[PDB]
Structures are given as C-alpha cells and as structure tokens.
Amino acid sequence: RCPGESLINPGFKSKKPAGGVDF
Amino acid sequence: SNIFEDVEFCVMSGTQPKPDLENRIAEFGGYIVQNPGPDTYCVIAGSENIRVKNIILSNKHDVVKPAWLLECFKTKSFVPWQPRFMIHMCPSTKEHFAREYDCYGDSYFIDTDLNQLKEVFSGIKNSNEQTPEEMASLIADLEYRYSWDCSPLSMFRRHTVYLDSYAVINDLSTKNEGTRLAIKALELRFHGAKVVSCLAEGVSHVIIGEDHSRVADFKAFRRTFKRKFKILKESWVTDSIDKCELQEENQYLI
Amino acid sequence: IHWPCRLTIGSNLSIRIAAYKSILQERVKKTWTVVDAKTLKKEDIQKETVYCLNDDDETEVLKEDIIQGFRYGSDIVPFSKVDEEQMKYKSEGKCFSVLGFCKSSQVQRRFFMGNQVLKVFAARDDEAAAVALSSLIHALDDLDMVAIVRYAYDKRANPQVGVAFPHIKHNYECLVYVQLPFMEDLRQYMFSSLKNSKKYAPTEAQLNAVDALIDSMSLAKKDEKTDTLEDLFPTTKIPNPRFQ
Amino acid sequence: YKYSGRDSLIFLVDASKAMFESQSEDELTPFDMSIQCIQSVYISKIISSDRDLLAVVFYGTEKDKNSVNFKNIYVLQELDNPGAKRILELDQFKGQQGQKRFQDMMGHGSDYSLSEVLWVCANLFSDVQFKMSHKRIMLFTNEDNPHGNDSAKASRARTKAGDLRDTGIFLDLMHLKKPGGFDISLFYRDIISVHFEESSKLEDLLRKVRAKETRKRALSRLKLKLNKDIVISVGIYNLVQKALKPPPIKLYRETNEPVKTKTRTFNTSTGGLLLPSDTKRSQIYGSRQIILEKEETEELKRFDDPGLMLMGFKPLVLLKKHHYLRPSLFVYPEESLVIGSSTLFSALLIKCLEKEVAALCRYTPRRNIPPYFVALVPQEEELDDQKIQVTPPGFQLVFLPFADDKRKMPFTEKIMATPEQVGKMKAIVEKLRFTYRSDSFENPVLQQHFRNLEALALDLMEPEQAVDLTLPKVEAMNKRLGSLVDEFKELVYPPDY
DNA sequence: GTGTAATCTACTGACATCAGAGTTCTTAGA
DNA sequence: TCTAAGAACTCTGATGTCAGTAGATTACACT
C-alpha cells in the first residue's frame, strides 16, 4: 500500500534524501 | 551544384527547417553526416543552447554559424575535426606528430579552424623567426606597397603623428588636456598611428585642432627638419575613418 | 604491511595513527602457471587478445582505434579513458578523519560490509599519541558510543565510510575500523513476515521437540566457573582445509 | 507481482492553450512543468531501470498521430525502453521559445475527449509484447471539469475508465495549480482510486534519485542437512551488496560500433591455435615442476555438494564481533522444495531466540567450492513503524575466519591515560553526538559518475558537479565542538608540535 | 503407421564472484 | 653511494547461478 512505496519506481521502498552529519 | 561533394557536414541543429537544411545541401551534394567523427570538415547548428556543447568541451571540431550552410550555397566552405586518446606506451602518436604536426599543434596532414586556432594561440609564448629586423621590414614593405598600411583599423600604421595638445611644443606638461584632440589621439591609435609625445625627426604628421596659436611655430620649426612633417587638420583622421580608407592629406594640409 | 596516517577528530586536532589489516580472507601466493602438454615449458604459449569488428573480420589496433564506452538506457555513449580522468572524482588526500559519534543501537549486526578489518593503532614511539588515543578509546568504552569516519588508503583509490568500533583486552585497547554501506549498497525487500503463522502452524508437540534439540546439540558445555564455556570446537584456530 | 514483469508507464499531457500557455505568476508554466516532470522521471528511470517502459502522449492537439480514434491526439512517443534520443525529443518543447516550437507543429487549444484519450492509451499498452507488472497512466491536466458540459460525453469517459480499471491497467493523477481553485470532488473523484493548492506528490517526481533498483531474487537455494537424512530447503538472499560502476563496453573509434574482444592462445614457436585440451596447469616448488590437467586444478578445491550441514550450538556472546569475514547474507524458507519444511524452520527461529543461541553450520554455495563455517544468528522484526519492516525475520549467515585469515599484528604495550584525560574526552565525545542511519550517506564516486555520464549523454552544457556528503563540514566541527582541542594540546602533550 | 498430447532440457538476461592481470609503494638495498 | 621483492587497490573475464521461455522429444494412443 501507498505509505512507503515510491511513485517513480513502484513496489520498491522510497529513497530518503541522503542525510549526513548534523547535530 | 558539384562543389560541396567531397566536403562532409554535420547538421547538428536548426530551428529555418533543420531537415530541409540537409535537403538544400543534398541538391548541392554536400556530404551529410548525423554525428561528427574525426573525419568530418565542420559542424553546423541553427542554435547551440544545449546539444552542441560537448564539442565546446572537446575542442575537437570546427563549429559554424547556421548561414555557412546556406551561404556555402554561394561559396565553398569546407574546414576540419577530432576524436580523443592520449598515449605513452613507448609514446607513439606525438613522435608520429613530430613527422605529422607543426610542433605547436597545427597538424600538417589536416586543415585547422576557428576554435582550433584560438586554442593554439592561447598556448603560445614569445619569440620571432627570421631576424626581427628582416621580419619587421618584410611586413612593413608589403603593407606599404599594397596600401594595407591603409587597412581600416591599421590605415595610419605608416604614420608617425604628433598632436597639438601642448601649450609649449615638446614640453610634456604644458598639457592642454580636456581637449577633443585627446579623443582624436584615441581615434588615431584606434586606427594604427604611432602617436608620439615629442616632435623629433621620426614624425611624418602634426595634427591641429581649433587653436591655431602654434601653426606659425610648427611651420617655422619645420624649416629645420631633414624629413618634413605634414601639418593636417583634425578632419583628415575623421574622414579617413568614416570612409574606412586613407583620404589623402593634401586637401587637409594645415 | 605498515601504513602511516593521521587520525583527525577536528580541523586543528590530529593524532598519529598506523593501522594493520587483521582479518583478511586469504588467497594462495603462487598462481597456476600455464604450460604446453609435451614440452612442459611455461613460455611456449602466447595469449593473443585479438579484436574483431563484425563486418567480416576487420581486425582493430587497440593503440589507435578502440575507445571505451559506458551504456545509458537503450543506447551507448563514448567516453575517452583519457576524458574520464579529466572528470573523475579525485580525493584531495590520503585521508582519515572522524565525521561524528552515535550509540551501538545505530549500528546493527547485519549491515557490516567490508573486504577487510583494520586495527587502528597509535604510531610507533609516539608517546603523545599513546596517551591521546588511549584517552579516545577509554572514553568510548563506557558510553556505548561508536565513531563514523571518512577513510582512504591512498590517492586515486575510492573514498570510504564507516564504523570504528571499540573493544578491550588486558594488554591493549581495541578500536577496529570496518566499512559500512552507502545508500545504494543496501537492499530493502518486504519478505513475507512469519508471525502470521495460521497457514504454517508451529504446534505444541513440534515446539516441545525443538525445545530439547538446541540444548542437546550444544558444543559449548558449562564445564567452568569463569562463565566461559569449554569452546569445544574453536573454529577460528582451525587451518583452512582449502590449503591443506 | 512475479519477477519478470516490467514496470510500464505512459505520460499524457493536456495540450490545451488555457493551461499550456498560461500562468498566474511568470515563474513556472504548467506545460513547462509537466514536460520537466516527464524529462526528470525519465532521466531517473534511465539510470535506475533501463528495462522498464515509458511513453508520452499529447491530447487535444490539432495535428494527429494515433493508430485509430484519431481526433485531436498526438502520440509523441510509443512504448519503449528509455534512452537519450527520447529525452532529446522532449527537450525541444521546453521553455518560452519551446511553447512556440510546439505551436509550429501540433497546434493548440482544440476540443478533446477523455473517453477517446483513454481508448488511445489502452491500444498502446495492448500493442506491446512484454510482460508488464504495473500498468500506470499519469494525468497532466488541470482541467478539473474535463469539459463534461455534455454529461452524455462524460459518462463515456467514466465508463471507459471503469473499463481501464476493470482490465487491471491503473490510472493516476496530478493537479497543476489551476488559477483560483481545483477540486477532485467535482470530477476525477471516480476516475482515481478537501481542496488543493498543487500536489504534495509532484515534488517526489523531482527527487532525481539514482541507484540501480534490483528486485527481490534469490542468490541460490540450499538444503540444511541437520544430519545424514533430515533436510529443509532455504533461500539465501543478498540484503547488502556493494554496487559498482557498470562494466564498460569497448567501441570502434571511427563509427562508435561495439567490437568483439576475440582472444585465442597461440604457440610461441608455431601456428598452433592451441585448444583447451592442448595445455595443462602447473606450479614451481623445490626447483621442480608439478603438472595437473584443466580438469583436476578444479578437482582439487572440491569437498562437498551444495547444502548447509548443522554443526551444533553456541552462546551468542562467544561469536566475537571483532573478527568479520565478508558481508552477511539472509536465510529465509522456500516451499519451492521440501514442502512443509517452513513448519520446522519457524519453530527453529522462535526457540533459538529464547535460548540466546546460534546454530553453527558448514556452508557451500556451489559444487566445487570449499566449505566455510557460518553462524546462523536468529532474527526478529521491528514492524512498529506502521508495518514499514526495517528488519525481516529469519536468520543471518555471519561468516567466521579460520587461522590463516587472522594476520599477525606487531608488539605494543601501554595503559597510559589518567581519569582527567578520559574526563575531558568524555565531554568532546558527548558534544559530537549525532544519529547515524544506514541510508544517511551516498557514494561520492558513483554519484559523480552518473552526472558526468549525463553531461556526455544528453549533451548537457555542464557536469552537475553535486558535492559529496562524506567530507566533514569542518566549520560546524569548529563551532559545535568549540575550542576544546586545546585541552589535548595543554593537558595531554608538550608544545613541540 | 499417424497424430496429440505432456514435459524435459535446453538458451538468455541478469547478477555475483573468484581468480588473474595491471599498477603504485614499502623495505632491502652497489 | 639505491634496485626488486614484497605489499596494496582496482579492474577485467570466466563460471556458475536463477527465472522464465519455448522448442523438440517423446512418450500414448487408435479397435
């Protein structure tokens, strides 16, 4: 179902936006 | 036409009808290519906003205004190319290019063109071949004979010029600056004159403004000289510039 | 092999560090040489890597006419091996430098991703580094905090990330370094989850069999008061059966 | 869905002047918005899934291209695997000059009909031969009443889109900031599966996100021989596996054509194109030469057949986390063989977690591979994030070194720091506390590589050069930490460096 | 013989992986 | 006074793997 599944690339889990160190 | 055959073109863009560009080329038989290899003469593009600029980054090839393959259509323009590969096995292409290029990068075996010449020129540092004295006179003589010392931006090249910006002739700060003579020295220099700040024996011309106060003294001083300068109005330079050609001095005398 | 470097927790503060590989999945020294069946001489074979264009066996010269390409969707694009080096990501140095710290909880067991393990030590005869790094790792022994570190073995080689995980032995402090995944090295799949047991029943008698298996087939026996079991099968002390 | 089915996706833009040339601002444009979307999801799909299919279609244009049901529709692109020349076709229509480039060709504002537009797209998906796992249409129109002024026009669409949904093609929507309002509850309420500014979904199509995405597939299947007789089938799956820049394809310079590397072995003396049977394999030891056949350099290195033999059980504490061999792989049951073996595996999972135990196994992934030794650590799922399964339940294969692997490391002894030297460190460490998450970083090389590759491929004016996230942001490390490097420089060592 | 099933065994795309070969650096070094 | 033996990393090429497709072999069968 919708909540975790990406619209660019369906069935696969949504790629979160990279992050990195920040305090 | 039978002229653009044996000359190969890339029509990398248009937009003027792009697919008709190569069709016009086809009744002139210009050799159409969709993607420029190291073989091709030059690349043609109606606009360059994105699709071309790999070929700005790879200095590769000769890039040409849209019209050159709608004006090739009244000329015969046909001019070269590259790929890329650098090699030091026991290095081989550079020593082949010691047979096959001029040392600087101009390949003997292929013509080279706008972007490729700009690149060669940007790599250079100073010298002169033949004796400098031989070379200077070869150039001077040729522009003198054929009046190319009259080339528009060079048309006063063979004029050494003094200018009446000095309240005392030859005293380097009796300087009458703020004068529209300052702007005529810019105009003379903009067209190749050896503008000077001393009326020594090397001078061919003196230029006079609104103030005629010193003309009697230029004329009296000119009685001294072994090679005698002309004295000319400001208008000689204005008119010669406007006509893109040396108008000649004797109607502008004093 | 020895590798000299500089452990760097912030822009001004560097400590001398020199790491050693500790586990490496080990491979045999001498390769199988190739030899002619009747002469038994190791140089009577030459290995011609010849090339073909498919237009009836036009044979190329690699030194002039072969240029590597990558692949981009439904089509090929030509690079030059000599223009990849013009655009390639170049590391600015042979770096080692900490990014920050966070709990053992942030770093689960599974994810560890390395070719090798380092043991990352205070430089030989640097008694200032010895006190400073013993302080570093003794200050990690108690918080359950771990380090996260940019690494690079040498110039041109790929930059690297991951977990510099501390441990203690009576003769020296341990802080191993291990690589951790980037976001594209990690695979996420929803395996159909097994506690929904209604079609794959774990019944009382099945459970009451297994309850005895996993105690019964124990290797580790409690023949001790150290709270360390007999270690009846010490697999890390066995030699590799491949080389035997 | 099943493994092989491609994702397949068709993009279907409203060419109507009232949206196409329209803005309330100057700063965007709905057609320039949709075309940007189509180029940007399409450049995502090129790096990430070259196997999955795209098409793009303009409806309501004035000059037509269709198989049938022609009126006022132009299929710019039929269904195909994605690549550069398709991205170059969309690029031509972008921007202020672009909204005139399109007008010289297909023509703008004419009447249109969704029941014909949905017909056209249907025929498109039909015409393709491949197996499709997800069939999806994307609506780029703002026209919230889609000119259903004739309700007996509109009932055709709604029935036809019933027929789309009935045939298991899906359809999906984005609203595009229509001036003053848009409301799905007027119409589109029954076409999709309270009032909006512009879709919060649409920004996700501008993530430009890059990786390979490779679907759930086994590495291999094996039999967990508990002894000489009892077996269960288990899968072996690759939860963590380092990605590489894709293998480069060698090309002929003069035409860009691919070329065959075509290697042979040739006798150094003579014309013999030596066959694989002509030559053996060998070693040198003790100044003598040992000779073996191309069969037996791989008869040596055999021990076992593909399986997993059980070796007995351990405490999880004695499996020391300092010695680690190669990336851990998952184990999960497979009823594809050994039916009902899932019943045993599940009890084994459940009860190991009570015992605080691992199983030890010997592991061969293939015929002609030596056994390694592997601890099966048992696993438990954190569904607490609204059933986002961060962790699947099963076992981890964690590999164990052998003697040869644990390399000797030099002598050293010290226990040097005082409680103040730890005490100052315990401050700096607690000032530098963040939260790592597994996905919080990206490969600087492999991300840069794709941007270089696009510049070369779509012929872009510049490499995008997007700066990496692995460098420490040293000014923040200066400030958050503060001046406390001086506590080492004063309290811990002399001023000579 | 003649004809229609059912079903084994192939080939391919794709993915991991060992090995093998090309490449820069330390110690021992005339 | 320096010249190879020993590392180290990346990259390339083959072998084996899995899923899915479809052909040819080959069984089964006619009163």
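Just so you know, all these numbers are worked out from the coordinates, no wet-lab data involved. Cβ: placed from backbone, ideal geometry, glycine included. Neighbour counts: every protein chain shown.
Observations, loosely collected:
- Shape class of the stretch D:242-304 from the alpha-carbon gyration tensor: oblate, with a/c at 1.5 or above and b/c at least as large as a/b.
- Of all DSSP beta bridges confined to chain D, the antiparallel ones make up roughly 65%.
- Dividing the summed -39500 (n - 2.57) terms of all DSSP H runs of n ≥ 4 by the residue count of chain D sets its mean residue ellipticity at 222 nm at -7500 deg cm²/dmol.
- Scattering from the stretch B:91-157 was approximated by placing one identical point on each alpha carbon and applying the Debye formula without solvent; log10 I(q)/I(0) at 0.18, 0.23 1/Å stands at -0.93, -1.01.
- Extension gain, B:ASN59 back to B:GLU248 (0.36 nm per residue minus Cα-Cα distance, nm): 63.5 nm
- Two numbers describe the Cα atoms of the stretch D:229-341: Rg and Dmax, which are 23.9, 65 Å.
- Using the Cβ-Cβ distance between D:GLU62 and C:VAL61 with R0 set to 60 Å, the FRET efficiency from 1/(1 + (r/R0)^6) comes to roughly 0.65.
- When the Cα positions of C:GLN46, C:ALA18, C:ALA139 are compared along the charge dipole of chain C, C:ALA139 comes out farthest toward the positive end, with charges on each C-beta of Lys, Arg, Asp and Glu.
- Shape class of the stretch C:152-244 from the alpha-carbon gyration tensor: oblate, with a/c at 1.5 or above and b/c at least as large as a/b.
- Cα centre as origin, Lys/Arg/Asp/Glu Cβ charges: the stretch D:302-430 dipole, Debye: 740
- Listed pairs B:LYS175/B:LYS219; D:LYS208/D:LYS473; B:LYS125/C:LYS81 exceeding 27 Å between Cα atoms: B:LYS125/C:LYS81
- Relative intensity of the stretch D:403-497 on a log10 scale, I(q)/I(0) at q = 0.15 Å⁻¹, equals -0.91, per a Debye sum over C-alpha point scatterers of equal strength in the absence of solvent.
- A Stokes-Einstein calculation at 25 °C with viscosity 0.890 mPa s, built on the Kirkwood radius of the stretch D:1-99 over Cα pairs, returns a diffusion coefficient of 168 µm²/s.
- Solution diffusion estimate, µm²/s, Stokes-Einstein, chain C, Kirkwood Rh from C-alpha pairs, 25 °C, viscosity 0.890 mPa s: 99
- Taking only alpha carbon atoms, chain D gives an Rg to Rh ratio of 1.06, where Rh is the Kirkwood radius.
- Order of B:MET155, D:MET33 - criterion: other Cβ atoms within 10 Å of each residue's Cβ, fewest first: D:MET33, B:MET155
- Net +/- balance of residues flanking D:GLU25 in space, Cβ distance below 14 Å, scoring K and R +1, D and E -1: -4
- Estimated FRET transfer efficiency when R0 is 30 angstrom, pair D:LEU275-D:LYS85 (beta carbons, to 0.05): 0.10
- Every helix of 4 or more DSSP H residues in chain C counts as -39500 (n - 2.57), and over all residues that averages to -4000 deg cm²/dmol at 222 nm.
- Neighbour count of at most 16 Cβ within 10 Å plus DSSP loop: longest GluC sites (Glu not before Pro)-free window in chain C: C:93-223
- Label reach from C:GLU26 (point 7 Å along Cα→C-beta): in the stretch D:407-436, amide nitrogens under 16 Å belong to D:407-410.
- Scattering from the stretch D:6-213 was approximated by placing one identical point on each alpha carbon and applying the Debye formula without solvent; log10 I(q)/I(0) at 0.18 1/Å stands at -1.50.
- Antiparallel DSSP beta bridges within the protein assembly as shown, as percent of all bridges there, nearest 5: 70
- Sequence of D:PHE303, B:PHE109, B:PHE28, D:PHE345 once ranked by neighbouring C-beta atoms within 10 Å, starting from the fewest: B:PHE109, D:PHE303, B:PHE28, D:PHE345
- Rounded to 10°, Cα long-axis angle of helix C:127-138 versus longest principal axis of chain C: 60
- Neighbour-count order for D:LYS94, B:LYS243, fewest beta carbons within 10 angstrom listed first: B:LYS243, D:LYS94
- Calculated P(r) of the stretch D:328-372 - Cα pairs past 12 Å, %: 73
- Hits among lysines - C-alpha to C-alpha of C:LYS30 under 19 Å, sequence gap 8 or more where chains match: C:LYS41, C:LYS42, D:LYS280, D:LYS294, D:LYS301
- Note that chain B, at 10 °C in a medium of 1.306 mPa s, gets a Stokes-Einstein diffusion coefficient of 69 µm²/s from its Kirkwood radius over C-alpha pairs.
- Each residue of the protein assembly as shown gets 325 Å³ once the volume of the Cα convex hull is shared out per residue.
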